[PDB]
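# no letters, just coordinates:
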């Protein structure tokens, strides 16, 4: 249930 | 951006037995985890607000994001804390 | 007391999000209590591994083990590797 939000947060932290 | 380490450490100390100890790097780790928790929930709420064409993240958006992402047990204590906070 | 947590710091963290425009007054208050609940549960779950290793000092690796074992902590995968 967290997977898609996790993927998105990884992209946000990279910036 | 992190919550103050002394506040994080106090909450941690209250969780463990009285004779336990917490290493400084464990306190720093939890400090990092808390900030990621706030950002993780906020990201879910902000995407929903954007899709629904609203400009303000409200309390219901935060609580709904928590419920969706596996933190539904937080909803009732948070509502009670906020209500008592407002009284 | 949860009221000691600085609401401005919580708001600052939220505002790092690229899609946050305006934040309601109640949102940081809710996160203050949530932060206390989360820290407490994460610490207790890590302490399981402290005691399982015959230690009395909670260490970073104990938190890492707790994160892997609980689905609710999946989102910390990159924070504590």
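That came through, no problem. Numbers count the residues shown, from 1 in each chain, chains lettered A, B, ... in the order given.
# for stretch C:12-19, give me every contacting residue.
A:12, A:15, B:1, B:35, B:38-39, B:42-43, B:46-47, B:49-50, B:57, C:20, C:23, C:27-28, C:31 (C-beta atoms under 8 Å, 6 or more residues apart in numbering or on different chains). C-beta: built from backbone N, CA, C; applies to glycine.
# in helices, which of the residues you listed fall?
When the contacts of stretch C:12-19 are checked against helices (DSSP state H), the matches are A:12, B:35, B:38-39, B:42-43, B:46-47, B:49-50, C:27-28, C:31.
# nearest to residue B:77 among those residues?
Within the ones in helices among the contacts of stretch C:12-19, proximity to residue B:77 (C-beta to C-beta) peaks at residue C:31, which comes in at 12.8 Å.
# thought the closest one was touching residue B:63?
No - with contact defined as C-beta atoms under 8 Å, residue C:31 and residue B:63 do not form a contacting pair (10.6 Å).
# those two: who's more crowded?
Remark: of residue C:31 and residue B:63, residue C:31 carries more neighbours, 28 against 24, as counted by other C-beta atoms under 10 Å in any protein chain shown.
# and the helices in chain C, which stretches?
Secondary structure of chain C (DSSP H): helices located at C:7-15, C:26-52, C:60-69.
# from chain C, how far off is the residue nearest the centre of chain B?
Centroid-nearest residue in chain B, with C-alpha atoms, centre = their mean: residue B:38, separated by 5.2 Å. Residue B:38 is 5 Å from chain C, where distance means C-beta to the nearest C-beta, to the nearest Å.
# how about the nearest residue to that residue, chain neighbours excluded?
Leaving aside its chain neighbours, residue B:38 sits nearest to residue C:13 (4.7 Å; criterion: C-beta to C-beta, 6 or more residues apart in numbering or on different chains).
# which parts of chain B are strands?
B:21-22, B:56-57 (DSSP state E).
# reformat those as TSV; add mean neighbour count and distance to residue B:28.
Listed next are these as TSV, based on neighbours: other C-beta atoms under 10 Å in any protein chain shown; distance: least, C-beta to C-beta, whole Å:
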stretch	mean neighbour count	distance to residue B:28
strand B:21-22	18	10
strand B:56-57	18	28
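# now the ones you listed in JSON lines, with distance to chain A?
JSON lines is the format used below for the strands of chain B (distance: least, C-beta to the nearest C-beta, whole Å):
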{"stretch": "strand B:21-22", "distance to chain A": "26"}
{"stretch": "strand B:56-57", "distance to chain A": "15"}
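# done for today, thanks.
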